[PDB]
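Remarks on the structure that follows.
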Amino acid sequence: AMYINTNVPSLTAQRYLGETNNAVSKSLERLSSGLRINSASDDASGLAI
Amino acid sequence: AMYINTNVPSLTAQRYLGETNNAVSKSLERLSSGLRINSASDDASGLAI
Amino acid sequence: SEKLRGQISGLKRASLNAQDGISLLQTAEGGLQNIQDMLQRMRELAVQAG
Amino acid sequence: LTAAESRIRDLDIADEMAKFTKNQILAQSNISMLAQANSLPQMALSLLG
Amino acid sequence: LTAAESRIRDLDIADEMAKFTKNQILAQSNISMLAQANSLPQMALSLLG
Amino acid sequence: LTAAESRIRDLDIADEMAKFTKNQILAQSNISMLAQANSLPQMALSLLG
């Protein structure tokens, strides 16, 4: 059954592209910094040590 | 025999088109996701492993 | 003719009800998947300590 | 939810187009039979006397 | 174990591509045949009338 | 603050493209149906008499 106004695969692909791009940005940040931890959220216990 | 409002071949074509569209949608979802199983219904035994 | 018409109408209504049913289970499995994703991170940070 | 909701928006274009064509075909037969029926009565009677 | 787990990740992309291509080819044939099936019989009958 | 502020500049280009294609493809159907609607009325009554 064909429809119109029903482009769901576009939505799913957009979502997955979102996760891919966010992961790419995070890895870019990490390698450019050259530090494991960065920020304060990646690990909760390494900061104090 | 020629009738009016007996378009059975139209119904057959519509059915086959429906299954074809469903197959296309599932294949597109799978290859965009890059995963075999996805969801919870493709395989019932691989999820726990 | 009347009996066949009634059966056709009933079959169409059941066909609609089927998809009406399937949508709800799709929503439920999405929610369960999110919960399952959270639980494993909990277990990982659990094995962290000790 | 946006997938579920957009299942009561429009039918397949195929069956609607089929119904459109079928009614279009049948209306012309209706009109032609109306014309012939209108021409029928008095023409076949005025020669009685 | 990471080698073992990455055996249910996704199919070798070639076969999924082949499935996509075949289904995409078959859908258009379905659509064309549906169009001709809609076209033929009612026009033939209207010609008869 | 430059990260926070430019979260309110523009959407992803993907959904804008999707809506554009959707509306552009629906406009042609509107035009065709309007043409047929204008075609039907007087041609169907001219042969009444």
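Chains: A, B, ... in order of the structure tokens. Residues: from 1 per chain. Ligands: from 1, in order shown.
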Could you do a least-squares fit of chain F on chain D over every C-alpha atom, in sequence order, and give the output as a short mmCIF file (atom, residue, chain, number, x, y, z; two decimals) with N, CA and C atoms, in the first residue's frame?
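Below you can see superposed-v4.cif, which holds the result:
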```
data_model
loop_
_atom_site.label_atom_id
_atom_site.label_comp_id
_atom_site.auth_asym_id
_atom_site.auth_seq_id
_atom_site.Cartn_x
_atom_site.Cartn_y
_atom_site.Cartn_z
N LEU F 1 5.15 7.21 17.05
CA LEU F 1 3.80 7.77 16.95
C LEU F 1 3.55 8.47 15.62
N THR F 2 4.59 9.00 14.96
CA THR F 2 4.34 9.55 13.63
C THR F 2 4.11 8.45 12.60
N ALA F 3 4.67 7.26 12.83
CA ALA F 3 4.33 6.12 11.99
C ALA F 3 2.91 5.63 12.27
N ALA F 4 2.53 5.57 13.55
CA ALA F 4 1.20 5.07 13.90
C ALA F 4 0.10 6.03 13.46
N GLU F 5 0.32 7.33 13.63
CA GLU F 5 -0.73 8.30 13.33
C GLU F 5 -1.03 8.36 11.84
N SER F 6 0.01 8.47 11.01
CA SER F 6 -0.24 8.59 9.58
C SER F 6 -0.34 7.21 8.95
N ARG F 7 -1.15 6.35 9.57
CA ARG F 7 -1.75 5.21 8.91
C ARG F 7 -3.22 5.47 8.64
N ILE F 8 -3.71 6.64 9.04
CA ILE F 8 -5.10 7.05 8.97
C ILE F 8 -5.25 8.34 8.17
N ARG F 9 -4.30 8.61 7.26
CA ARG F 9 -4.35 9.85 6.49
C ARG F 9 -5.09 9.65 5.17
N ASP F 10 -4.60 8.75 4.32
CA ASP F 10 -5.20 8.54 3.02
C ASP F 10 -4.95 7.10 2.58
N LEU F 11 -5.80 6.63 1.67
CA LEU F 11 -5.61 5.31 1.09
C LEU F 11 -4.44 5.33 0.12
N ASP F 12 -4.19 4.17 -0.49
CA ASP F 12 -3.32 4.15 -1.66
C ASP F 12 -4.00 4.90 -2.80
N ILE F 13 -3.19 5.55 -3.64
CA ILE F 13 -3.77 6.28 -4.76
C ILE F 13 -4.32 5.32 -5.80
N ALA F 14 -3.89 4.06 -5.77
CA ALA F 14 -4.28 3.10 -6.80
C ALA F 14 -5.78 2.84 -6.77
N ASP F 15 -6.33 2.52 -5.60
CA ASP F 15 -7.75 2.21 -5.53
C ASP F 15 -8.61 3.44 -5.79
N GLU F 16 -8.16 4.62 -5.35
CA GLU F 16 -8.89 5.84 -5.67
C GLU F 16 -8.95 6.07 -7.17
N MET F 17 -7.83 5.85 -7.86
CA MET F 17 -7.82 5.95 -9.32
C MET F 17 -8.76 4.92 -9.94
N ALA F 18 -8.78 3.70 -9.39
CA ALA F 18 -9.64 2.65 -9.93
C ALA F 18 -11.11 3.03 -9.82
N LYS F 19 -11.54 3.47 -8.64
CA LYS F 19 -12.93 3.91 -8.47
C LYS F 19 -13.25 5.10 -9.37
N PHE F 20 -12.31 6.04 -9.50
CA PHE F 20 -12.57 7.20 -10.34
C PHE F 20 -12.81 6.78 -11.79
N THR F 21 -11.93 5.93 -12.33
CA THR F 21 -12.10 5.48 -13.71
C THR F 21 -13.40 4.69 -13.87
N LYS F 22 -13.70 3.82 -12.91
CA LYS F 22 -14.93 3.04 -12.92
C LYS F 22 -16.17 3.94 -13.02
N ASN F 23 -16.28 4.91 -12.11
CA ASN F 23 -17.47 5.75 -12.09
C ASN F 23 -17.54 6.64 -13.32
N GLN F 24 -16.39 7.16 -13.76
CA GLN F 24 -16.39 8.04 -14.93
C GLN F 24 -16.81 7.28 -16.18
N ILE F 25 -16.42 6.01 -16.30
CA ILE F 25 -16.78 5.26 -17.50
C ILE F 25 -18.23 4.80 -17.42
N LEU F 26 -18.77 4.64 -16.21
CA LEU F 26 -20.17 4.24 -16.09
C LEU F 26 -21.12 5.42 -16.34
N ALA F 27 -20.67 6.64 -16.05
CA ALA F 27 -21.52 7.82 -16.26
C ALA F 27 -21.90 7.98 -17.73
N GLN F 28 -20.96 7.72 -18.65
CA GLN F 28 -21.26 7.86 -20.07
C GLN F 28 -22.34 6.88 -20.52
N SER F 29 -22.29 5.65 -20.02
CA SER F 29 -23.35 4.69 -20.32
C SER F 29 -24.69 5.19 -19.80
N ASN F 30 -24.70 5.75 -18.58
CA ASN F 30 -25.94 6.33 -18.07
C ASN F 30 -26.48 7.39 -19.02
N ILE F 31 -25.61 8.29 -19.48
CA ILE F 31 -26.05 9.40 -20.33
C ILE F 31 -26.61 8.87 -21.65
N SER F 32 -25.91 7.91 -22.26
CA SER F 32 -26.37 7.37 -23.54
C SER F 32 -27.72 6.68 -23.40
N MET F 33 -27.89 5.88 -22.35
CA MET F 33 -29.16 5.19 -22.16
C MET F 33 -30.29 6.17 -21.88
N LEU F 34 -30.00 7.23 -21.12
CA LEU F 34 -31.01 8.26 -20.89
C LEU F 34 -31.41 8.94 -22.20
N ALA F 35 -30.44 9.20 -23.07
CA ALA F 35 -30.74 9.82 -24.36
C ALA F 35 -31.66 8.93 -25.19
N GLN F 36 -31.34 7.63 -25.25
CA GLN F 36 -32.19 6.72 -26.02
C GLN F 36 -33.59 6.60 -25.41
N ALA F 37 -33.66 6.59 -24.07
CA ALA F 37 -34.96 6.51 -23.41
C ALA F 37 -35.82 7.73 -23.72
N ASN F 38 -35.22 8.92 -23.74
CA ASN F 38 -35.98 10.11 -24.12
C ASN F 38 -36.34 10.08 -25.60
N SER F 39 -35.49 9.45 -26.42
CA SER F 39 -35.78 9.41 -27.85
C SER F 39 -36.97 8.52 -28.17
N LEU F 40 -37.11 7.40 -27.45
CA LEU F 40 -38.08 6.38 -27.85
C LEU F 40 -39.54 6.84 -27.83
N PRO F 41 -40.07 7.46 -26.75
CA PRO F 41 -41.53 7.44 -26.54
C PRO F 41 -42.40 8.06 -27.63
N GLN F 42 -42.22 9.35 -27.92
CA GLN F 42 -43.17 10.03 -28.79
C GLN F 42 -42.93 9.72 -30.26
N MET F 43 -41.68 9.46 -30.65
CA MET F 43 -41.40 9.09 -32.03
C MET F 43 -42.06 7.77 -32.39
N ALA F 44 -42.23 6.89 -31.40
CA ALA F 44 -42.85 5.59 -31.63
C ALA F 44 -44.37 5.65 -31.67
N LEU F 45 -44.97 6.75 -31.22
CA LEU F 45 -46.42 6.90 -31.24
C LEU F 45 -46.91 7.90 -32.27
N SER F 46 -46.03 8.76 -32.78
CA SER F 46 -46.45 9.75 -33.76
C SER F 46 -46.96 9.12 -35.05
N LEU F 47 -46.53 7.91 -35.38
CA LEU F 47 -46.93 7.26 -36.63
C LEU F 47 -48.14 6.35 -36.45
N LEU F 48 -48.71 6.29 -35.25
CA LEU F 48 -49.99 5.60 -35.09
C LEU F 48 -51.10 6.29 -35.87
N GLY F 49 -51.12 7.62 -35.86
CA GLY F 49 -52.14 8.37 -36.56
C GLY F 49 -52.36 9.75 -35.96
#
```
**Request:** Just need the residues of chain C within 12 Å of chain A, counting only C-alpha atoms, so spit them out as a list in words.
**Result:** residues 45, 48 and 49 of chain C
**Request:** List every residue of chain A that DSSP, applied to the backbone of this structure, places in helix (DSSP H, G or I), and write the result as a PyMOL selection string.
**Result:** chain A and resi 8-33
Store the residues picked out above, limited to C-alpha atoms, as a short mmCIF file (atom, residue, chain, number, x, y, z; two decimals), in the first residue's frame.
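Output (selection_17.cif):
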```cif
data_model
loop_
_atom_site.label_atom_id
_atom_site.label_comp_id
_atom_site.auth_asym_id
_atom_site.auth_seq_id
_atom_site.Cartn_x
_atom_site.Cartn_y
_atom_site.Cartn_z
CA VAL A 8 9.40 7.43 7.55
CA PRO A 9 12.68 5.96 6.18
CA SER A 10 13.90 9.53 5.82
CA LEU A 11 13.20 10.07 9.52
CA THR A 12 15.02 6.89 10.56
CA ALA A 13 18.03 7.68 8.37
CA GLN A 14 18.11 11.21 9.80
CA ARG A 15 18.18 9.80 13.33
CA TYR A 16 21.00 7.35 12.60
CA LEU A 17 22.97 10.07 10.81
CA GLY A 18 22.52 12.09 13.99
CA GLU A 19 24.15 9.46 16.18
CA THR A 20 26.95 8.95 13.65
CA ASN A 21 27.75 12.67 13.45
CA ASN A 22 27.65 13.13 17.23
CA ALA A 23 30.08 10.24 17.70
CA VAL A 24 32.37 11.67 15.02
CA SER A 25 32.41 15.06 16.74
CA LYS A 26 33.15 13.51 20.13
CA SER A 27 36.07 11.47 18.77
CA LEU A 28 37.41 14.53 16.96
CA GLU A 29 37.32 16.47 20.24
CA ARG A 30 39.08 13.68 22.13
CA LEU A 31 41.92 13.18 19.67
CA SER A 32 42.46 16.91 19.14
CA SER A 33 42.66 17.42 22.90
#
```
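Distances here use only C-alpha atoms; by that measure, the residue among A:40, A:1, A:35, A:48 closest to chain D is A:1.
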**Request:** Could you tell me how far atom CA of residue 7 of chain B lies from atom CA of residue 8 of chain C, in Å and to one decimal?
**Result:** 15.9 Å
